[PDB]
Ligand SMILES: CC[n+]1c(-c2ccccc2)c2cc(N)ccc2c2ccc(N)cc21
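Only one chain is given next, in structure tokens, and it is the form deposited without ethidium (ET).
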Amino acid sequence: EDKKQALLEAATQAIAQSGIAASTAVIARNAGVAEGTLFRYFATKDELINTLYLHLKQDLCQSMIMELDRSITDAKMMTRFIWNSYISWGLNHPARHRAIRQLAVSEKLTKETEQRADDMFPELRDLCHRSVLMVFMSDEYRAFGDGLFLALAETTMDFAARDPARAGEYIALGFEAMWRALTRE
């Protein structure tokens, strides 16, 4: 919390605006702390990237879990709920979505981080191993798979945010498109 949280938040805004390349100087100033302070909460830049990824994924997951209907079991309806909740989170927090999009496809995420991320929402993780095309689960292309998901979700968000009355239609269409692209027949 407080000072570490201020840094996380400053990092979110800087990464969302300037991409994964954002400098700790900007981050630190924006947080209201000297850069030497930043480097005692987060040893390296990569550690910040990993910590911030986990922090954003936790915040995303928090929103999904509160309204998750654990009755439903078929892969298509569950993926649907995750998608709708992702869309809602991103429309609520455009910067957090933009940061997480840069972070997710970053080759800087460690194996431990991904592991940790997947088990914040165990059922969601179970769904991916069973539903997502194997390719988009391979340690080689999982990032690409994530990137395509996030790209289709961002377009959906963009159309829904500018036309709230038809948001429901955009969101449904985006989902069917996403489902066809990334899951198995």
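Position 1 is the first residue in the sequence shown; the rest follow in order. Note that the rigid core is defined as the largest set of C-alphas that superpose within 1.5 Å between two forms.
Checked against the record, the higher mean CA B factor of 111-119 and 82-90 lies with 111-119. Per-stretch averaging of Cα B factors for 18-26 and 167-175 places 18-26 on top. When the C-alpha B factors of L56, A43, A160, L150 are read from the deposited coordinates, the top value falls at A43. The residue among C61, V33, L52, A143 whose C-alpha carries the highest B-factor in the deposited model is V33. Among all modelled residues in this chain, the alpha-carbon of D139 has a temperature factor (C-alpha) in the highest third. In the deposited entry, the Cα temperature factor of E154 sits in the bottom third of values across the chain's modelled residues. In this PDB entry, the Cα temperature factor of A104 sits in the bottom third of its chain's modelled residues, the lowest group.
The same protein also has a form solved in complex with ethidium (ET), omitted here; what follows describes it.
A heavy atom within 4.5 Å of ethidium (ET) in the deposited bound form is found for one listed residue only; from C128, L38, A160, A31, this is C128. Though the partner is left out of this view, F42 does not reach within 4.5 Å of ethidium (ET) in the deposited bound form, counting heavy atoms only. Although the partner is absent here, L52 sits far enough away that none of its heavy atoms falls within 4.5 Å of ethidium (ET) in the deposited bound form.
Of the heavy atoms in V132, some are within 4.5 Å of ethidium (ET) in the deposited bound form.
Interface membership of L124, defined by any non-hydrogen atom within 4.5 Å of ethidium (ET) in the deposited bound form, is confirmed.
In the deposited bound form, every residue of the candidate spot (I82, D146 and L182) has a heavy atom lying within 4.5 Å of ethidium (ET). Candidate set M137, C61, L54, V33; criterion, C-alpha shift of 2 Å or more between this form and the one not shown after rigid-core fit; matching residue, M137.
Annotation for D74: C-alpha shift of 2 angstroms or more between this form and the one not shown, rigid core superposed.
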